[PDB]
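Step one of this worksheet: look at the structure below.
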Amino acid sequence: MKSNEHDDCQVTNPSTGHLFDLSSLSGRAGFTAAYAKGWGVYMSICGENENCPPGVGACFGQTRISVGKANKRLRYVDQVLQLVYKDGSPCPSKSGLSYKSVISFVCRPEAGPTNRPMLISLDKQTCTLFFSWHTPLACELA
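Those letters in the sequence shown? Residues 1508 to 1649, per the entry's author numbering, in order.
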């Protein structure tokens, strides 16, 4: 109840007071941010992904690579909205944390048709998929 790590996924900009609710992007069917033809990332923004086993937040590849558990903990850090989905693939790596996806939502009023998550970089060492989503919802307007 009102606990952002499981109830709701909205975070408030303490500067303007703008509440950023990304429940609009809660397409649990899986937004597909491709990596290569045939295999991309099936992610849901706050909402257990129904395309894969329910509970997963993002899926990578064609097989069953989990890019983290579906967290609802929308954060606001470095003037961007950040969603980190940890505990998916237990990757044997340098640190080998988990194949966590870090979705960084960046303000962009012109992100109407370009309102999609884009994989910026793939760090295999810390197993982190860096996504940038251009969204007007992440805009700190008054």
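The beta-carbon is built from N, C-alpha and C at its ideal position, and this holds for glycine as well.
- [ ] Can you grab the Cα-Cα spacing for the pair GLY1524 / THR1570, in whole Å?
- [x] Taking the first residue of the sequence shown as 1, we reach residue 1524 at position 17. Taking the first residue of the sequence shown as 1, we reach residue 1570 at position 63. Taking the straight line from one Cα to the other gives about 42 Å.
- [ ] Classify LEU1532 as helix, strand or coil using the three-state DSSP reduction.
- [x] Here residue 1532 is taken as the residue at index 25 of the sequence shown, counted from 1. Three-state DSSP puts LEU1532 in a helix.
Task: Cβ-based neighbour list, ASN1622, same chain, cut-off 7 Å, excluding 5 preceding and 5 following - done: Here residue 1622 refers to the residue found at position 115 of the sequence shown. So the list reads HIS1641 and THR1642, once near-sequence residues are dropped.
TODO: Return the residue from the list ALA1577, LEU1626, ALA1645 and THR1635 that minimises the CA-CA distance to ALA1541.
DONE: Numbered from its first residue, the sequence shown carries residue 1541 at position 34. Taking only the C-alpha atoms, the option nearest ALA1541 is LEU1626.
Open item on the list: Please tell me whether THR1635 and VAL1609 are closer than 8 Å, where the distance is taken between their beta carbons.
Closed with: Numbered from 1 along the sequence shown, position 128 holds the residue referred to as residue 1635. Numbered from 1 along the sequence shown, position 102 holds the residue referred to as residue 1609. Yes, the pair counts as a contact, with Cβ atoms nearer than the cut-off.
- [ ] With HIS1525 as the anchor, note down where its beta strand (DSSP E) starts and where it stops.
- [x] Numbered from its first residue, the sequence shown carries residue 1525 at position 18. Premise fails: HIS1525 is in no beta strand (DSSP E) and is neither H nor E.
- [ ] Just confirm the distance between the C-beta atoms of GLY1554 and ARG1535, as a whole number of angstroms; I'd bet it's less than 8 Å.
- [x] Residue mapping note: residue 1554 aligns to position 47 of the sequence shown, counting from 1. Residue mapping note: residue 1535 aligns to position 28 of the sequence shown, counting from 1. With a Cβ gap of about 4 Å, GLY1554 and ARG1535 count as contacting.
Task: Residues bridged to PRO1624 [DSSP beta-bridge criterion] - done: Within the sequence shown, residue 1624 is the residue found at index 117, counting from 1. Looking at the DSSP assignment, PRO1624 forms a beta bridge with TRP1640.
Open item on the list: Considering only the alpha carbon of each residue, which of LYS1631, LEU1590 and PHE1567 lies closest to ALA1543?
Closed with: For the purposes of this step, residue 1543 is taken as the residue at position 36 of the sequence shown. It is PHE1567.
Task: Under 8 Å between C-beta atoms of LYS1601 and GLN1632 - done: The sequence position of residue 1601 within the sequence shown is 94, counting from 1. The sequence position of residue 1632 within the sequence shown is 125, counting from 1. Yes; because the gap between Cβ atoms is below 8 Å, this pair is in contact.
Open item on the list: In the DSSP output, which residue or residues are listed as bridge partners for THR1539?
Closed with: Looking up residue 1539 in the sequence shown gives position 32. According to DSSP, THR1539 shares a beta bridge with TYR1549.
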